[PDB]
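Undergrad: Would you mind keeping the following structure in view while I ask a few things?
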Amino acid sequence: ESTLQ
Amino acid sequence: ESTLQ
Amino acid sequence: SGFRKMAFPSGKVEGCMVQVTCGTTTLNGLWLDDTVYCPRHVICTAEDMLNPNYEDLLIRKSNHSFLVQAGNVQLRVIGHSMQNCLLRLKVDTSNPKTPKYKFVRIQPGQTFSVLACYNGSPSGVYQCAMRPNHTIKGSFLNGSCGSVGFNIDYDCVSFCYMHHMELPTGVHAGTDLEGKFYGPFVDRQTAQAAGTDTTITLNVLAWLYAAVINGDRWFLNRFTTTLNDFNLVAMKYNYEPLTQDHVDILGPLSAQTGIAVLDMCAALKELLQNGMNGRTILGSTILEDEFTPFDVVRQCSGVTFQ
Amino acid sequence: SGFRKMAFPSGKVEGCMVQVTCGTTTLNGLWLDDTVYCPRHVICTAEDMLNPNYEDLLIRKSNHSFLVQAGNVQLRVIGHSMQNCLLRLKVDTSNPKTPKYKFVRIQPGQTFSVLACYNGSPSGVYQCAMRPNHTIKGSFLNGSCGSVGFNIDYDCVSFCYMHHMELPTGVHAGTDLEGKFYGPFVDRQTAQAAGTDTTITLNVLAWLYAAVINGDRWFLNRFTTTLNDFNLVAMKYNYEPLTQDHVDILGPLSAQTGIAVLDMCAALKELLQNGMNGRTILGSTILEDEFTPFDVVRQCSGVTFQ
């Protein structure tokens with residue numbers, strides 16, 4: 001997926 | 001030689 | 001003598017780091033004058049993050065939905081706008097530590113320093129390049145969002161990057177200080193992938209000039225090349241094509257070492273073809289593409305060790 | 001995710017940098033409370049530097065032989081002692097920017113950040129290891145002497161290095177903040193050479209643990225090894241011998257990845273023997289020895305990507 005941090 | 005800086 | 005991946009001293013930036021909380025999401029912000037910038041995804045919960053509508057999530061918030069702590073002191077929010085993929089929070093105090101500064105968008109291949117922060121608290125500094133595919137090979141954990149990238153030119157801080165997210169590759173994506181992403185990416189948890197990347201030709205050549213200025217010459221050869229014959233070779237090894245503008249930027253390094261650019265390309269053409277023979281250039285057993293020509297002028301001696 | 005050579009944020013150190021001139025030699029000093037430290041070779045001219053007697057050169061100076069500028073403001077010298085291979089200058093102002101701090105001597109293999117300065121003016125920050133042969137592979141030009149190395153533990157600055165000189169190899173030699181050199185070197189321009197160096201075994205293993213925590217496993221194998229059988233192999237590839245203390249320090253990283261130390265040595269034993277097969281670990285095509293176990297706990301996630 002994609003990981004906003 | 002050697003170089004003091 | 002010596003050559004390291006060197007970052008800019010970070011003090012002037014440490015004094016602009018703050019923490020920003022909304023609900024139970026906490027990330028970092030940057031406090032200049034009376035404004036704090038941060039990623040807009042700070043107003044999202046984990047469920048929201050898959051399909052957010054920001055316009056719509058943001059109208060459901062007021063100033064006092066946002067907590068801004070700088071060290072100990074609470075800063076009161078008195079205003080909030082969205083700007084692309086950032087928020088801008090007007091606060092009641094102007095930052096006594098605001099340095100001279102500007103915002104610039106940077107171009108792929110360019111380079112900068114990152115100050116990694118968690119909970120408004122600077123943890124480290126390292127040097128990065130903006131990759132051709134618009135990612136960075138950073139080092140970031142959860143809570144690092146709102147960590148910024150920068151350069152210093154004299155007395156002035158050029159902010160060029162804010163951290164927003166991490167891709168499946170393990171690499172990082174973010175934004176300029178206007179909120180506009182670098183790359184085709186969007187601030188959502190969806191299927192998204194780095195485009196394939198390429199090696200930064202201009203930089204490799206900068207780095208070869210640095211080896212020579214430091215006094216190593218072994219990789220040179222007696223050939224020259226046409227720009228176009230080099231590019232035919234470059235494309236097969238996944239390097240960016242060399243252009244005339246790039247050749248002109250390498251002018252002062254050419255002038256300082258008396259090596260013609262096109263002679264140096266011939267040198268590279270050769271390294272790509274035959275390998276290094278298990279030898280090193282400036283310490284490296286591989287060809288190094290994260291120093292620009294400017295990075296080499298700043299770090300290296302203005303006098304060649306001939 | 002990601003793994004970079006990361007240095008400590010440098011702000012707290014920038015505020016202690018000053019410039020120190022004596023005759024026509026200018027170098028950097030460190031201003032803590034009401035004392036400024038710098039290399040004692042600041043009282044030498046080029047002719048002096050080949051055979052100096054410091055005891056004798058120093059008695060021929062008074063307080064007003066020393067100029068101390070911090071930014072613009074001139075600081076007045078009211079006292080001077082020699083301390084080993086450093087000077088201590090008492091001045092009239094106490095540094096309003098003095099941070100909590102201490103001085104420690106570091107051990108080979110340990111790691112730290114360097115703030116490169118010219119004319120009292122911080123130019124960059126990078127991360128270093130103290131090599132077994134007691135040198136550092138820094139990046140320094142003329143005028144960088146008095147640039148310091150440090151760590152930060154919480155709120156506190158551990159000063160461990162001051163720059164004095166560059167060896168013929170191109171590597172750097174200096175001192176703790178008590179004036180005692182690291183290594184057999186002396187502050188004179190004579191024939192002097194790095195002892196041969198060795199790879200920091202403890203660190204390589206730290207770095208392999210970091211690869212696994214980040215979620216890469218390819219270099220593992222099904223073998224184990226005796227400590228002594230490893231060392232027989234280590235000595236032939238010029239690695240430091242592994243000891244029981246080193247094995248114990250790797251405990252929490254063992255615990256976090258469920259790989260036994262001695263299993264990991266077997267993995268390394270194999271890499272040394274068969275190469276990498278032109279593959280990478282954490283980005284590198286070579287085995288990396290400038291992250292300690294502590295460097296890995298601080299940067300990496302406390303949770304393994306299994």
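To be explicit about the labels: the chains of the structure tokens are called A, B, and onward in the order shown, and within each one the residues are counted from 1, while ligands get numbers from 1 in the order they are shown.
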Which chain C residues are at most 9 Å from chain D (counting only C-alpha atoms), as a ChimeraX atom specification?
TA: /C:1-15,115-116,122-127,137-142,166,170-171,285-286,299-301
Undergrad: Which of segment 8-222 of chain C end up as alpha helix (DSSP H) when DSSP is run on this backbone - answer as number ranges by chain?
TA: C: 11-14, 54-59, 201-214
Undergrad: Next, write the just-selected residues to a file, as a PDB file, in the first residue's frame, keeping C-alpha atoms as the atom set.
TA:
```
ATOM      1  CA  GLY C  11      20.683  24.835  14.280  1.00  0.00           C
ATOM      2  CA  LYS C  12      18.686  27.498  12.426  1.00  0.00           C
ATOM      3  CA  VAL C  13      16.154  24.776  11.572  1.00  0.00           C
ATOM      4  CA  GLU C  14      15.941  23.168  15.039  1.00  0.00           C
ATOM      5  CA  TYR C  54      -9.747  17.110   2.799  1.00  0.00           C
ATOM      6  CA  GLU C  55     -12.012  19.954   1.806  1.00  0.00           C
ATOM      7  CA  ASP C  56     -14.754  18.125   3.643  1.00  0.00           C
ATOM      8  CA  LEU C  57     -12.727  16.917   6.664  1.00  0.00           C
ATOM      9  CA  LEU C  58     -11.289  20.401   7.236  1.00  0.00           C
ATOM     10  CA  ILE C  59     -14.621  22.392   7.431  1.00  0.00           C
ATOM     11  CA  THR C 201      24.770  11.427 -14.748  1.00  0.00           C
ATOM     12  CA  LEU C 202      25.609  15.064 -13.931  1.00  0.00           C
ATOM     13  CA  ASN C 203      26.451  14.040 -10.352  1.00  0.00           C
ATOM     14  CA  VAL C 204      28.554  11.042 -11.131  1.00  0.00           C
ATOM     15  CA  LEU C 205      30.744  13.330 -13.262  1.00  0.00           C
ATOM     16  CA  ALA C 206      30.901  15.922 -10.459  1.00  0.00           C
ATOM     17  CA  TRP C 207      32.122  13.104  -8.237  1.00  0.00           C
ATOM     18  CA  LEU C 208      34.809  11.996 -10.673  1.00  0.00           C
ATOM     19  CA  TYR C 209      36.037  15.605 -10.772  1.00  0.00           C
ATOM     20  CA  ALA C 210      36.222  15.465  -6.958  1.00  0.00           C
ATOM     21  CA  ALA C 211      38.445  12.357  -7.078  1.00  0.00           C
ATOM     22  CA  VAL C 212      40.945  14.123  -9.376  1.00  0.00           C
ATOM     23  CA  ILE C 213      40.891  17.369  -7.269  1.00  0.00           C
ATOM     24  CA  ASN C 214      41.724  15.147  -4.305  1.00  0.00           C
TER      25      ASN C 214
END
```
Undergrad: For atom CA of residue 255 of chain D and atom CA of residue 4 of chain A, quote the distance in Å rounded to one decimal.
TA: 28.7 Å
Undergrad: Please list as an MDAnalysis selection string every residue within 7 Å of segment 62-73 of chain C, counting only C-alpha atoms and excluding residues in the same chain fewer than 2 positions away.
TA: chainID C and resid 18:22 75:80
Undergrad: Sort by chain and increasing residue number a table of all residues of chain D within 9 Å of chain B, each with its closest pair of atoms and their distance in Å to one decimal, counting only C-alpha atoms, and write it as CSV.
TA:
```
residue,atom,partner,partner_atom,distance
D:27,CA,B:5,CA,7.7
D:41,CA,B:4,CA,7.8
D:49,CA,B:4,CA,8.2
D:140,CA,B:5,CA,8.1
D:141,CA,B:5,CA,7.0
D:142,CA,B:5,CA,4.6
D:143,CA,B:5,CA,5.1
D:144,CA,B:5,CA,5.7
D:145,CA,B:5,CA,4.9
D:146,CA,B:5,CA,8.7
D:163,CA,B:5,CA,8.0
D:164,CA,B:4,CA,5.8
D:165,CA,B:4,CA,4.0
D:166,CA,B:3,CA,4.9
D:167,CA,B:2,CA,5.0
D:168,CA,B:2,CA,5.9
D:187,CA,B:4,CA,7.3
D:188,CA,B:2,CA,7.5
D:189,CA,B:2,CA,4.8
D:190,CA,B:1,CA,5.4
D:191,CA,B:1,CA,4.9
D:192,CA,B:2,CA,6.6
D:193,CA,B:2,CA,8.3
```
Undergrad: Which distance in Å separates atom CA of residue 176 of chain C and atom CA of residue 103 of chain C, to one decimal?
TA: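 Calculated distance between atom CA of residue 176 of chain C and atom CA of residue 103 of chain C is 7.7 Å.
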Undergrad: I'd like the interatomic distance between atom CA of residue 23 of chain D and atom CA of residue 184 of chain D, to a tenth of an Å.
TA: 28.6 Å
Undergrad: From a DSSP pass on the backbone, collect the residues of segment 8-236 of chain D flagged as strand (DSSP E or B) and hand them back as a ChimeraX atom specification.
TA: /D:17-22,25-32,35-39,67-70,73-75,77-83,86-91,101-103,111-118,121-129,136,148-153,156-166,172-175,181,199
Undergrad: Pick out the residues sitting within 8 Å of residue 45 of chain D, and hand them over as a count of residues only; count only C-alpha atoms, and ignore anything fewer than 2 positions along from it in its own chain.
TA: 7
